[PDB]
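Take a look at the structure set out below.
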Amino acid sequence: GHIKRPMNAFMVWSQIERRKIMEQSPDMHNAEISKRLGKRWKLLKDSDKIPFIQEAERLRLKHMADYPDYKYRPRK
DNA sequence: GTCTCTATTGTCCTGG
DNA sequence: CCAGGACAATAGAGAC
């Protein structure tokens with residue numbers, strides 16, 4: 001089948017925030033949510049971002065362990 | 001009912 | 001070795 005690629009620090013911080021938006025603005029389109037996420041991301045000071053970089057890190061290590069060999073080969 | 005596009009950041013792959 | 005891309009989450013919008 002098709003194995004997904006790991007979530008980076010931003011994508012991890014994205015899920016959490018997106019929910020808090022999806023629960024507050026249930027009908028706001030996700031494309032616009034992405035726009036606002038990208039902006040809030042630039043607001044969060046660098047220091048605050050560490051926890052997610054570490055979080056995202058283990059996410060990748062586990063990824064290899066679970067999927068011994070998967071080449072990220074996307075193409076058009 | 002079924003796909004494809006919409007958008008963000010970060011990260012890996014390819015062509016030149 | 002750099003630019004340009006695909007793609008991870010997410011559901012709706014639009015074509016068909």
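Just so you know, these numbers use all the heavy atoms, side chains as well, and skip hydrogens, waters and symmetry mates. Below, read A as the first sequence line, B as the second, and so on, with proteins coming before strands; counting in each chain starts at 1.
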If you sort sugars by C1'-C2'-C3'-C4', with positive as north and negative as south, where does [N] go?
| N | answer |
| --- | --- |
| B/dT6 | north |
| C/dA6 | south |
| B/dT4 | south |
| C/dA11 | south |
| C/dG5 | north |

same_hphob_cluster(A/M22, A/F10) at 4.5 Å side-chain heavy-atom cutoff: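 Each belongs to a different hydrophobic cluster.
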Co-membership, hydrophobic cluster, residues A/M64 and A/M7, 4.5 Å side-chain: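 No, separate clusters.
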Nucleotide [N], atom [atom2] - distance to [atom1] of [X] in whole Å:
| X | N | atom1 | atom2 | value |
| --- | --- | --- | --- | --- |
| A/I3 | C/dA9 | CD1 | P | 13 Å |
| A/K4 | C/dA8 | NZ | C1' | 9 Å |
| A/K76 | C/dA6 | NZ | P | 5 Å |
| A/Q24 | C/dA11 | CD | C1' | 18 Å |

With rounding to the nearest 0.5 Å, note down the distance linking [atom1] in [X] to [atom2] in [Y].
| X | Y | atom1 | atom2 | result |
| --- | --- | --- | --- | --- |
| A/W41 | A/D48 | CH2 | CG | 9.5 Å |
| A/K39 | A/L43 | NZ | CG | 10.5 Å |
| A/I21 | A/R40 | CD1 | CZ | 5.0 Å |

Contact nearer the 5' end of DNA chain C, comparing A/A31 with A/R75: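 Whichever sits nearer the 5' end wins; that is A/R75.
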Sidechain-backbone polar pair: A/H63 side chain, A/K4 backbone, donor-acceptor under 3.5 Å: yes
Which pairs would a plain distance check flag for residues 27-38 of chain A, meaning a side-chain donor or acceptor within less than 3.5 Å of a matching protein atom at least two apart in sequence or in another chain?
unit_1 : atom_1 : unit_2 : atom_2 : d
A/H29  : ND1    : A/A31  : N      : 3.1
A/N30  : OD1    : A/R18  : NH1    : 3.2
A/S34  : OG     : A/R18  : NH2    : 3.2
A/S34  : OG     : A/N30  : O      : 3.1

Check the interface with nucleotides 12-16 of chain C: list each N/O to N/O pair with the protein under 3.5 Å, or write none.
unit_1 : atom_1 : unit_2 : atom_2 : d
C/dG12 : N3     : A/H29  : NE2    : 2.9

Where A/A56 and A/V12 come nearest, the two heavy atoms and their spacing: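 Looking at all heavy atoms of both residues, the shortest contact is CB-CG2, 4.1 Å.
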Hey, what are the protein-to-nucleotides 9-13 of chain B N/O distances that come in under 3.5 Å?
unit_1 : atom_1 : unit_2 : atom_2 : d
B/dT9  : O3'    : A/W41  : NE1    : 3.2
B/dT9  : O2     : A/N8   : ND2    : 3.0
B/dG10 : OP1    : A/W41  : NE1    : 3.2
B/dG10 : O4'    : A/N8   : ND2    : 3.4
B/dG10 : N2     : A/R5   : NH1    : 3.1
B/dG10 : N3     : A/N8   : ND2    : 3.3
B/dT11 : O2     : A/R5   : NH1    : 3.1
B/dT11 : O2     : A/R5   : NH2    : 2.9
B/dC12 : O4'    : A/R5   : NH2    : 3.1

Sugar-phosphate only, base, or nothing, as touched by A/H2 at under 4.0 Å among non-hydrogen atoms: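 Since only primed, P, OP1 and OP2 atoms lie under 4.0 Å of A/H2, the category is sugar-phosphate.
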Greater than 12 external heavy atoms within 6.0 Å of A/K49's NZ: yes
